[PDB]
Amino acid sequence: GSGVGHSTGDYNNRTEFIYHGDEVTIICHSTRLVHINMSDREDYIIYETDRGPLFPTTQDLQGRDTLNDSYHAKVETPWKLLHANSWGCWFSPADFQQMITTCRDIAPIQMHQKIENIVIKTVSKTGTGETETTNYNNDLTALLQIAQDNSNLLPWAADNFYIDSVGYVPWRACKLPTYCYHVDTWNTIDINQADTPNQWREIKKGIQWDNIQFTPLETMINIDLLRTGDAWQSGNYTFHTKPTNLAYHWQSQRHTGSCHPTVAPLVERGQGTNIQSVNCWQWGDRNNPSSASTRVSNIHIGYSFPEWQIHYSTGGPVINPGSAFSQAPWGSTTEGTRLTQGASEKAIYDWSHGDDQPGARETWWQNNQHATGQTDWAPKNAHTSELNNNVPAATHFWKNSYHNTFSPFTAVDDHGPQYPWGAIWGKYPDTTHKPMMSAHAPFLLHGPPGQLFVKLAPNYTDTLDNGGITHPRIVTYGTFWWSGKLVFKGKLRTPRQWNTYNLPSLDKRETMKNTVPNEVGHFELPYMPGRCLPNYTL
Amino acid sequence: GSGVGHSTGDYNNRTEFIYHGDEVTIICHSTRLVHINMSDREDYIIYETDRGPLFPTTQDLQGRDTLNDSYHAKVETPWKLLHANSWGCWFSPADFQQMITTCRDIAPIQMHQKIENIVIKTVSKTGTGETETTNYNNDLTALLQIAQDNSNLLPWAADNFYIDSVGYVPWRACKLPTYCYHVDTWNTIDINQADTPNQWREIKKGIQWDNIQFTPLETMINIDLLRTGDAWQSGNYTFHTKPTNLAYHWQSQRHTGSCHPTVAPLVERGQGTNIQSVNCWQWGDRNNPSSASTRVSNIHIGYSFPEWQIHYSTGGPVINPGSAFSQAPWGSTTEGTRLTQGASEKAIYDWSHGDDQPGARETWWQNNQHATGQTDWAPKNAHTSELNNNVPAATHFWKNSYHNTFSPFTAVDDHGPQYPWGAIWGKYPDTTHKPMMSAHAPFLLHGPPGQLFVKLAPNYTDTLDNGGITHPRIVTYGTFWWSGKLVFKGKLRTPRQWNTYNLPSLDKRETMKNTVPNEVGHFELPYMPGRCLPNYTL
Amino acid sequence: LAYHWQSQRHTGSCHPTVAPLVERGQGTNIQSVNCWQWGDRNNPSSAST
């Protein structure tokens with residue numbers, strides 16, 4: 001039957017691996033209990049923000065300190081945003097290890113999700129003083145309102161870049177972030193000035209009101225009102241995208257192609273000698289020496305970029321990313337000297353997302369340490385005027401430059417999936433030129449999965465006056481159960497080598513006992529890269 | 001109809017005996033009211049334990065005291081475990097007497113079970129001081145969550161070895177034990193040392209974290225959420241096993257086969273004489289005397305074992321059991337001198353399980369007193385070098401040894417069913433060599449009946465912060481009605497003798513009035529062995 | 001193809017304990033519990049026997 005006293009759903013959180021020849025189908029189930037409470041206000045608001053912490057108020061650091069600007073302007077809505085976009089939502093640590101061990105590449109296929117077992121109740125404080133008593137009792141007639149945005153009419157806020165998502169741990173309750181989106185504002189800081197150098201000045205700062213766009217959800221999309229006995233279905237969503245490679249590439253531009261002819265060593269621990277005179281294609285007008293350094297090739301692996309590039313835009317300063325690569329060949333190590341140069345990134349996360357203790361935030365800095373073939377770091381490169389049998393002069397050689405060598409010839413490679421905290425998918429901008437590849441999320445989508453908004457309908461007291469001054473409402477909160485199923489498909493991996501692999505494990509910075517629960521139940525999900533095993537590029 | 005105000009089930013607790021020729025079908029119904037309340041925490045935890053009471057802290061007893069170690073390490077789950085495995089759950093004292101009187105052997109056939117009439121309510125204390133008032137009022141929207149583990153993915157904790165099961169008395173309410181299972185830990189105590197004798201020392205003690213296995217129920221199996229109006233069905237389960245014999249065997253190795261030729265007595269109370277010269281098969285090179293002691297036989301009944309064998313394992317010291325037999329032929333008696341040697345066992349039980357008074361635990365030590373044919377006790381056996389017409393010398397005779405005589409020739413026999421407290425079934429380990437027979441439960445199963453887990457879903461207050469520090473929840477408890485039906489089949493027993501039997505009664509240690517209720521309602525279920533009647537072995 | 005780490009004291013229902021209240025605290029075995037013990041022994045009723 002159906003009604004107040006019948007449950008509308010069940011709890012399924014588990015994964016399935018379906019193997020058929022050269023094909024893997026992964027079916028991820030996720031079910032979470034979501035704790036929601038009444039909105040801070042029933043109105044939309046639009047407000048400017050302060051600069052932020054550590055933004056310079058003085059000229060003493062002469063502009064180098066202005067990277068700290070968080071200033072912006074938003075429209076905050078009463079709605080809460082619920083998305084599953086992250087790897088740690090769908091997979092357990094052992095499930096993700098199973099995937100990245102046994103698969104070559106993978107892509108998401110289809111997704112649907114549900115909301116059910118809706119409970120709403122009110123708080124009544126009769127304590128009337130010290131030793132106060134509160135009562136939590138059901139409102140059987142009360143509304144949870146749900147809006148799925150399928151056509152993507154609303155601005156896109158679910159990118160998982162603030163790591164605000166449904167929790168990673170299945171047996172813990174979750175809370176949603178409030179939905180809000182930017183409005184048009186000019187923030188322009190001038191750190192390079194003609195008249196007065198070593199200064200910074202703001203030219204245009206403020207909200208641009210003339211063309212401003214304000215979109216409520218009420219006008220754009222249909223909203224479903226639900227009571228305690230009814231439930232909600234998403235419908236089916238089908239991804240259209242390309243698989244992402246689960247193998248890291250170690251080969252640089254000198255690890256590919258036919259290797260230079262050599263004379264093999266006669267003894268043990270002896271080294272071969274490069275034959276001096278060989279048939280070769282050389283760059284430039286050069287036969288002597290004909291070396292592996294200069295020889296033609298069809299492609300180039302990696303490109304230099306000015307890094308870290310700080311783009312001062314109309315909205316404020318940003319980072320323009322370079323390509324992902326490991327600084328390990330140059331002597332970088334997590335402990336000791338850290339070289340951030342590889343388009344490295346850090347995650348900040350709390351107890352709700354893969355963190356050990358409550359009330360604190362933990363940081364994981366990922367240097368991308370397995371990708372060593374792509375590493376191109378501009379201060380280390382050089383260029384010379386003539387390439388020939390002569391060695392260049394002091395002039396006609398330029399050591400220290402920073403340039404962008406991205407060209408038609410460059411083959412490059414992205415970050416790939418990052419467990420737990422990485423976003424699974426992202427959204428293309430609509431522009432005449434779409435980006436060629438993503439800087440974080442492995443999958444860029446034209447239509448991304450529709451954004452799902454959740455709100456408690458207001459329960460007013462009897463005193464609402466229609467004049468606007470008094471609209472009290474009784475304190476209300478709710479809980480519902482969110483279920484979802486995401487399907488992946490990929491290619492089966494088989495050994496390409498004689499010797500054994502290093503199968504995906506735990507980063508040296510992690511130990512196994514911190515992964516499992518504690519005496520008080522505290523544990524943290526380990527980091528794993530989506531690409532833990534090598535393969536040949538070309 | 002269905003809803004808040006319709007009952008989902010009925011109470012049936014009664015047995016049925018179906019007789020057809022040479023076949024008995026016993027259908028046991030059991031229905032119990034289970035009182036459940038909110039978990040101590042919503043998280044999994046993993047913790048070490050102390051040694052235990054009476055474990056030595058000093059060398060004064062020089063290691064003999066270290067048998068008292070209870071040290072171990074577990075993972076405790078919020079779930080509660082509900083199993084019916086015990087004899088006293090399914091049978092009343094008169095039903096079990098009916099079975100063991102009228103049946104030769106028996107085996108369980110099929111089983112199913114139900115949960116229904118679910119009630120959940122909360123506690124509200126408004127007393128605000130002395131003369132405090134509490135209110136118990138329903139939450140119509142609240143969830144009991146139920147997980148049946150059919151494929152046996154979770155570790156097996158329902159063996160009834162701690163006698164934690166559904167109650168024996170049908171009209172009393174029951175409470176479930178919390179589910180938890182071991183984790184890998186090394187406990188190794190050295191009581192025999194080369195350098196320093198008469199000492200004890202611990203070599204390796206602690207949790208082994210590297211390979212540790214942590215399995216939540218959420219990831220392994222589907223969980224069903226139920227509200228007050230819906231009910232739960234188990235599905236059918238079919239046992240695959242062998243019948244167990246309900247007759248005890250009194251014949252030793254000298255009570256079987258053709259008896260020695262004798263000359264019958266001429267008068268009353270006269271005794272026969274063994275004929276000196278007879279045709280015989282003798283062991284060894286021996287014709288004189290040809291005696292019933294030495295004559296060949298195809299099999300041997302019983303085997304000696306070092307007892308009590310204390311195995312110091314990686315988890316700690318254990319008992320390695322010997323075969324079950326009665327010490328009565330050697331002068332053992334419940335009152336007076338007690339000889340524990342027969343693989344005897346004691347049950348510790350409380351008011352919820354077959355005990356007279358609340359707030360105390362009662363002990364029943366079962367010497368297995370009807371099995372006298374299997375009794376082989378190593379200190380009493382001897383061995384000699386030569387078996388011939390000569391009597392051995394002082395040398396070439398060894399009296400006091402303790403050895404394991406289990407051989408290809410030994411025929412032996414197990415404990416059998418023990419009412420009320422004995423486990424009905426058990427689980428095989430998966431190993432290359434499965435055990436040949438069970439030391440307690442009459443029936444070992446490959447897949448045992450699936451474990452059934454029960455938990456109250458948490459009811460949070462409005463203050464859950466997602467940070468992890470504050471997650472209060474309103475005090476909640478519930479009650480549900482558990483029904484189950486277990487079917488047995490067996491063989492009908494008929495008289496094999498002229499004289500009357502001793503039909504199963506009450507052990508001399510029990511009297512009838514302690515079995516029936518008291519002025520205040522206190523009574524205890526009597527002990528009965530599953531094998532109360534003799535039969536010929538061979 | 002799987003090795004087994006469980007000894008005779010790593011199998012079955014574990015002894016009833018009181019969970020620790022703090023971090024790095026250890027639980028205590030409950031002294032008086034319902035149990036099947038070997039021999040004629042109630043005191044102590046321990047996971048060993």
# chains A, B, ... in the order shown; residues from 1 in each chain; ligands from 1
>>> closest_atom_pairs(of="chain A", to="chain B", cutoff="8 Å", atoms="only C-alpha atoms", output="Markdown table")
| residue | atom | partner | partner_atom | distance |
| --- | --- | --- | --- | --- |
| A:1 | CA | B:2 | CA | 6.0 |
| A:2 | CA | B:3 | CA | 7.3 |
| A:3 | CA | B:3 | CA | 6.7 |
| A:4 | CA | B:141 | CA | 6.6 |
| A:5 | CA | B:229 | CA | 5.0 |
| A:6 | CA | B:229 | CA | 5.3 |
| A:7 | CA | B:227 | CA | 5.2 |
| A:9 | CA | B:225 | CA | 6.8 |
| A:10 | CA | B:224 | CA | 5.0 |
| A:11 | CA | B:223 | CA | 5.1 |
| A:12 | CA | B:222 | CA | 5.2 |
| A:13 | CA | B:219 | CA | 5.6 |
| A:14 | CA | B:219 | CA | 4.7 |
| A:15 | CA | B:219 | CA | 7.6 |
| A:35 | CA | B:464 | CA | 7.3 |
| A:37 | CA | B:462 | CA | 7.0 |
| A:119 | CA | B:141 | CA | 6.6 |
| A:123 | CA | B:462 | CA | 7.8 |
| A:127 | CA | B:128 | CA | 7.9 |
| A:131 | CA | B:128 | CA | 5.8 |
| A:132 | CA | B:128 | CA | 7.3 |
| A:133 | CA | B:126 | CA | 6.0 |
| A:135 | CA | B:124 | CA | 7.0 |
| A:136 | CA | B:461 | CA | 7.3 |
| A:137 | CA | B:139 | CA | 7.8 |
| A:138 | CA | B:139 | CA | 7.4 |
| A:170 | CA | B:218 | CA | 7.0 |
| A:171 | CA | B:43 | CA | 7.2 |
| A:172 | CA | B:42 | CA | 7.5 |
| A:173 | CA | B:466 | CA | 7.6 |
| A:174 | CA | B:466 | CA | 6.2 |
| A:175 | CA | B:466 | CA | 5.7 |
| A:228 | CA | B:141 | CA | 7.8 |
| A:350 | CA | B:467 | CA | 7.0 |
| A:351 | CA | B:468 | CA | 6.0 |
| A:352 | CA | B:466 | CA | 6.2 |
| A:357 | CA | B:468 | CA | 7.9 |
| A:358 | CA | B:468 | CA | 4.7 |
| A:359 | CA | B:467 | CA | 5.8 |
| A:476 | CA | B:462 | CA | 7.9 |
| A:477 | CA | B:462 | CA | 6.0 |
| A:512 | CA | B:210 | CA | 6.0 |
| A:513 | CA | B:209 | CA | 5.6 |
| A:516 | CA | B:214 | CA | 6.7 |
| A:517 | CA | B:45 | CA | 5.4 |
| A:518 | CA | B:46 | CA | 5.4 |
| A:519 | CA | B:47 | CA | 5.1 |
| A:520 | CA | B:45 | CA | 5.9 |
| A:521 | CA | B:45 | CA | 4.6 |
| A:522 | CA | B:45 | CA | 8.0 |
>>> residues_around(residues="segment 528-535 of chain A", least_positions_apart="4", cutoff="9 Å", atoms="only C-alpha atoms", output="list in words")
residues 93, 96, 97, 99, 100, 101, 245, 246, 247, 248, 249, 250, 251, 368, 370, 415, 416, 417, 418, 419, 420, 496, 501, 502, 503, 504, 505, 506 and 507 of chain A
>>> residues_around(residues="segment 279-288 of chain A", least_positions_apart="6", cutoff="9 Å", atoms="only C-alpha atoms", output="list in words")
residues 294, 295, 296, 297, 386, 387, 388, 389 and 390 of chain A
>>> closest_atom_pairs(of="chain C", to="chain A", cutoff="7 Å", atoms="only C-alpha atoms", output="CSV")
residue,atom,partner,partner_atom,distance
C:20,CA,A:519,CA,6.7
C:22,CA,A:520,CA,6.5
C:23,CA,A:519,CA,5.5
C:24,CA,A:519,CA,6.2
C:25,CA,A:519,CA,6.9
>>> select_by_dssp(residues="segment 447-519 of chain A", states="strand (DSSP E or B)", output="list in words")
residues 451, 452, 453, 454, 455, 456, 460, 473, 476, 477, 478, 479, 480, 481, 482, 483, 484, 485, 486, 487, 488, 489, 490, 491 and 492 of chain A
>>> select_by_dssp(residues="segment 31-178 of chain B", states="alpha helix (DSSP H)", output="PyMOL selection string")
chain B and resi 87-90+93-102
>>> atom_distance(atom1="atom CA of residue 107 of chain A", atom2="atom CA of residue 321 of chain A")
24.4 Å
